[PDB]
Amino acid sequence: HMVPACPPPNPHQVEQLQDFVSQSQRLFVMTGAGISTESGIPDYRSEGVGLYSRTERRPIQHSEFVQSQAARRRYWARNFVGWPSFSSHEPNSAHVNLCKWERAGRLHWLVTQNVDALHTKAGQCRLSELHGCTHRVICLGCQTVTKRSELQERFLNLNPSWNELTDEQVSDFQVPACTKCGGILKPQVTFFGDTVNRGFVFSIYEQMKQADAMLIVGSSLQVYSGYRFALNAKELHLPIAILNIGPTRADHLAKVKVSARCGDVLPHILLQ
């Protein structure tokens, strides 16, 4: 399964993370793909187990999606097949506990790199989805945003022989067009080489200014899109803590690092 193996969790690290969280009133939290491996969603870079470490998965480049009809067909045919299982994943105790922390007024804001909607399903309201969400679809022509669940029905009517990975296998596969303008639809996620909207970025940094600490959960921070927010914490003179099984790009900035499954540790952190 998808959770990398980890030595047994060290109690002293756990204690230091508690003390970190106790010192905070306005925690800024960043999560990545490690917070959803316990929900059955694989991560990308866990050594020996992530999609890029262990498999032939290559992300799609944005510019190829935008410039090639055939690339769009291959993308969408795979996304169509995977949607019923992908859409059925549930939040795990880590997402649930972060939502508790928000209810208690101790989590100031959370940013995720994940596109899986799990923080939303769990009920995290003070949330930014840094890379978007696969449950939303956007037209490249008019910017209208629709629900992915609604697109599925449309895929079924257009490709009824698929209800009975190369260009040849995808020939009988047609992609629904935008119903407002006839333009190209895309999952409202940040593909490789596309960049996050600068006003959105700027609004997340604005939430940081009032935090008093940062916690990173379940990200390698290898992608600059996420690591920049740890850099920003350091510029704000915020203490940083990490709860992550493998190494991260921010390990040198952290005051406290807990190498442990996040669903084993978070339920133990108390707010009183």
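All residue numbers refer to positions in the sequence shown, first residue = 1.
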*With respect to the deposited sequence, how many residues separating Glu164 from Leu165 are not represented by coordinates: none, 1 to 3, 4 to 9, or 10 or more?*
10 or more
*Report the stretch with the higher mean CA temperature factor, choosing between 218-226 and 55-63 on the basis of the entry.*
55-63
*Going by the average Cα B-factor in the PDB entry, point out whether 230-238 or 26-34 comes out higher.*
230-238
*Based on the PDB record, which member of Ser128, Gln188, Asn114, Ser171 exhibits the highest Cα temperature factor?*
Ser171
_Record-listed C-alpha B factor of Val175: chain third_ = lowest
*asked:* For the chain shown, is the CA B-factor of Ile138 in the lowest, middle or highest third of its modelled residues?
replied: lowest
*Entry-reported Cα temperature factor of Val49, expressed as the chain third it lands in*: highest
*Once the chain's modelled residues are ordered by C-alpha B factor and cut into thirds, is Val81 in the lowest, middle or highest one?*
highest
*Ranked against its chain, the third holding the CA B-factor of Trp109*: lowest
